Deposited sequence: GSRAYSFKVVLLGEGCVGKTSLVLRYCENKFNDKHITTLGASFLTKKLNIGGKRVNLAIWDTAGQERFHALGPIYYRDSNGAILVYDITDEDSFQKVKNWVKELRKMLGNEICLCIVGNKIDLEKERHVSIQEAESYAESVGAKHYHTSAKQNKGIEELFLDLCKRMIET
């Protein structure tokens, strides 16, 4: 019934692979196993009787990849201010290439490290709203908010 392409973008520290690995295999590593290039995995969802097939693309965080993407997940580290500010560049590039068609997610990952938070939740949420994106909080380490993120993204892509 539905087939969607989703790309994860963000800096080297943020947890892109960790989000996908937790969602697809229910595994997590404290080790930073550096992603050397882009690749995709397939995840199947059944929402309202409707079969949704996701092509989830991972990228090396350190145009050809996000071409024809139905959704983009822009990941930052809540303990790293630089990683949040970097999200803004991605939004600009994606909106120039694809317009309002692409469903954007701005994702504050590592919420298990709330004690070490350096990104303003209010700034992040405000920014997300200003660019027509939705903001999400996740922890790949504790498996929090990930099911909700992908489910909501799928709902929004179906509604497009």
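By the record, the deposited chain contains unmodelled runs at 1 to 3, 66 to 72, with no C-alpha atoms placed there.
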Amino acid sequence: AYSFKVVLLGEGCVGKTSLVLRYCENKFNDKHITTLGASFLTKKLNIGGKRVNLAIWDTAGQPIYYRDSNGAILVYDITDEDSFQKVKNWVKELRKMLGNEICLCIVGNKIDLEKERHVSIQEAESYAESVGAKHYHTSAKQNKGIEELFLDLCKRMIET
From here on, numbers count along this sequence of modelled residues.
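As listed in the deposited structure, the average C-alpha B-factor of 108 to 116 and of 50 to 58 is greater for 50 to 58. Checked against the record, the higher mean CA B factor of 97 to 105 and 124 to 132 lies with 97 to 105.
The PDB entry gives the largest Cα B-factor of the residues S69, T35, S39, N29 to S69. For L153, the recorded CA temperature factor ranks within the middle third of the chain's modelled residues. Among all modelled residues in its chain, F84 ranks in the middle third by Cα B-factor.
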